[PDB]
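What follows is a single structure, written as structure tokens, with notes after it.
Excluded from the calculations below are hydrogen atoms, water molecules and symmetry mates; all remaining heavy atoms, backbone and side chain alike, are included. Reminder, nothing fancy here: chain letters follow the sequence lines and each chain counts from 1.
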Amino acid sequence: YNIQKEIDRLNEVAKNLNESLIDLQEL
Amino acid sequence: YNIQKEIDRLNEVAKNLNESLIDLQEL
Amino acid sequence: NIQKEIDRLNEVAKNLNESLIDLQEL
Amino acid sequence: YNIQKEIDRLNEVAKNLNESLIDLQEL
Ligand SMILES: [Zn+2]
Ligand SMILES: [Zn+2]
């Protein structure tokens, strides 16, 4: 595995998850 | 669906993702 | 080394998938 | 009301998370 590779991608997962989650909460 | 039930779970998804990401970042 | 983080992320993925399916099928 | 945009985006989030899981268990 490559830890720095997956940190960067999981950070994108987190940001995208949060964006859509917050969108769900304000409709 | 029940939007609150899914928001609750997705909140927990986000929290657990965040703590996994932090753990990875401190290696 | 990172089995515990893998295990945790697996449960994250399962719960995310279940929410996705529940939003479309319930 | 219409959550199609969040469903589409969370599907991509899930795909990226799933590939991270696969890649973390590689090698
Ligand atoms: Zn990178
Ligand atoms: Zn890959």
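With sequence neighbours excluded, the residues forming a salt bridge (charged side-chain N to carboxylate O under 4.0 Å, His left out) with A:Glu12 are A:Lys15, listed by chain and number. Taking the salt bridge (charged side-chain N to carboxylate O under 4.0 Å, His left out) definition, one finds that C:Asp22 meets it with B:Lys5, B:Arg9, sequence neighbours left out.
Around the CD atom of A:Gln4, the shell of radius 6.0 Å holds no more than 12 heavy atoms that belong to other residues, nucleotides or ligands. When the shell of 6.0 Å around CG of B:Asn2 is examined, it contains more than 12 heavy atoms from other residues, nucleotides or ligands.
Of all heavy-atom pairs spanning C:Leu20 and D:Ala14, the tightest one is CD1-CB, 3.8 Å.
A:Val13 and D:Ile7 fall within the same hydrophobic cluster, defined by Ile, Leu, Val, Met, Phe, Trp and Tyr side-chain heavy atoms under 4.5 Å apart, directly or through other members.
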Practice prompt. Could you walk me through whether B:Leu10 and D:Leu10 pass the side-chain contact (heavy atoms from CB on, under 4.5 Å) test, one step at a time?
Written response: CA-CA 10 Å; B:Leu10 286 176; D:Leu10 287 171; 4.2 Å; yes
Discussion item. Checking C:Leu23 against B:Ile3 for the side-chain contact (heavy atoms from CB on, under 4.5 Å) test, could you report, in this order, the C-alpha distance in whole Å, the side-chain angles of both residues, the deciding distance, and whether it holds?
Written reply: CA-CA 8 Å; C:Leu23 286 166; B:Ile3 192 66; 4.1 Å; yes
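The CD1 atom of C:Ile2 lies 10.0 Å from the CG atom of C:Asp7; values are rounded to the nearest 0.5 Å. Here the CD atom belonging to D:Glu26 is positioned 10.5 Å from the CD atom belonging to A:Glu6, to the nearest 0.5 angstrom. Taking CG from D:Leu17 and CD1 from D:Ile22, the interatomic distance works out to 10.0 Å, rounded to the nearest 0.5 Å. Going from atom CG of C:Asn17 over to atom CG of D:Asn18 covers 9.0 Å, rounded to the nearest 0.5 Å. Summarising the geometry, atom CG belonging to B:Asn16 is positioned 6.0 Å from atom CD belonging to B:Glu19; distances are rounded to the nearest 0.5 Å.
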